[PDB]
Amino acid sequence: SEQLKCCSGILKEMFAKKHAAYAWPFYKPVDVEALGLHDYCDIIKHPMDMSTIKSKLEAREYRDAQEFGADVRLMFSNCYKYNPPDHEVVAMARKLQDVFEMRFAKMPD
């Protein structure tokens, strides 16, 4: 429970304006219809975004911090899987993931 509160604080900093320049592509779900990504649902079977993770934290859907971190890493894996390696959104994903992994590892135990 106390580590779940840390997961909410980690996601809060991931939403903070300090990281917005590279974290914004992951704020909301990938709208496959509006963005014209007509192959996304064939490649990505389990989409995930920061807003969905936030709603699952508010609904207390995550049992522990490890399940929360799995959804965060699923969001990044979807980006690494769908986009080319040299794509600009891949570099932005590594930036935000480095912020997550550091704070997720530094979580009080």
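The numbering used is simple: start at 1 and walk along the sequence shown. Rigid core (definition): largest C-alpha set, two forms, superposition within 1.5 Å.
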(message) Given a rigid core fit, name the stretch, 79 to 87 or 35 to 43, whose C-alphas are on average farther from the form shown here in 6 other deposited structures of this protein.
(response) 35 to 43
(request) Quick one: say whether 69 to 77 or 38 to 46 has the higher mean Cα B-factor in the deposited entry. (result) 38 to 46
(request) Among all modelled residues of this chain, ranked by Cα B factor, put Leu57 in the bottom, middle or top third, i.e. lowest, middle or highest. (result) lowest
(message) Based on the deposited C-alpha B factors for this chain, I'd like to know if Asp98 is in the lowest, middle or highest third.
(response) lowest
